[PDB]
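Chemist:
Residue numbers (the UniProt record's numbering): 251 to 371.
1. Where residue 295 and residue 363 are concerned, what is the direct C-alpha to C-alpha distance, given to the nearest angstrom?
2. Using 9 Å as the threshold, is the C-beta distance between residue 299 and residue 344 below it?
3. In or out: residue 302 buried (at least 16 other Cβ within 10 Å) or exposed?
4. Jot down the residue ranges of each uninterrupted alpha helix (DSSP H) in the stretch 262-325, minimum 4 residues, whole runs only, in chain order.
5. Can you tell me whether residue 368 is helix, strand or coil according to DSSP?
6. Measuring straight from C-alpha to C-alpha, what distance separates residue 350 and residue 272?
7. Can you tell me whether residue 321 is buried or exposed, with buried defined as 16 or more other CB within 10 angstroms of its CB?
8. Keeping to the same chain, check which residues put their C-beta closer than 6 Å to that of residue 324; ignore five residues upstream and five downstream.
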């Protein structure tokens, strides 16, 4: 099935991402130092923003979806946040990923409202 909004694309992405990070080829353990976890996640996210050829081939279908372009832009900003040293635990990094599709407020009226604000129109 085809995700019909950005949050639905992100849910599919989340399911992929956890499958990828749980791959035994990462050789990560719960008691690994946090830097090692963050770096493995960074690697996988970077691969995602470059077309997904190393870690995301099984999910190649998601790169054709409409939402991919903007989702890749957001994940690219997160990779930059990693590079800038914003994450000291992998737990915080995955909370960021978890919640990247939500936002505060609600849709702005893209149209002007002059005709609504004049009573007789």
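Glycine included, every Cβ here is placed at the ideal spot set by N, Cα and C.
Modeler: Reading off the structure:
1. 42 Å
2. No, the Cβ-Cβ distance between residue 299 and residue 344 is not below 9 Å.
3. By the 10 Å Cβ count, residue 302 comes out buried.
4. 284-299
5. coil
6. 20 Å
7. Burial is judged here by how many other beta carbons sit within 10 angstroms of a residue's own beta carbon; residue 321 has at least 16 and is buried.
8. Sequence-distant Cβ neighbours of residue 324 in its own chain, meaning closer than 6 Å and more than five residues away, are 350.
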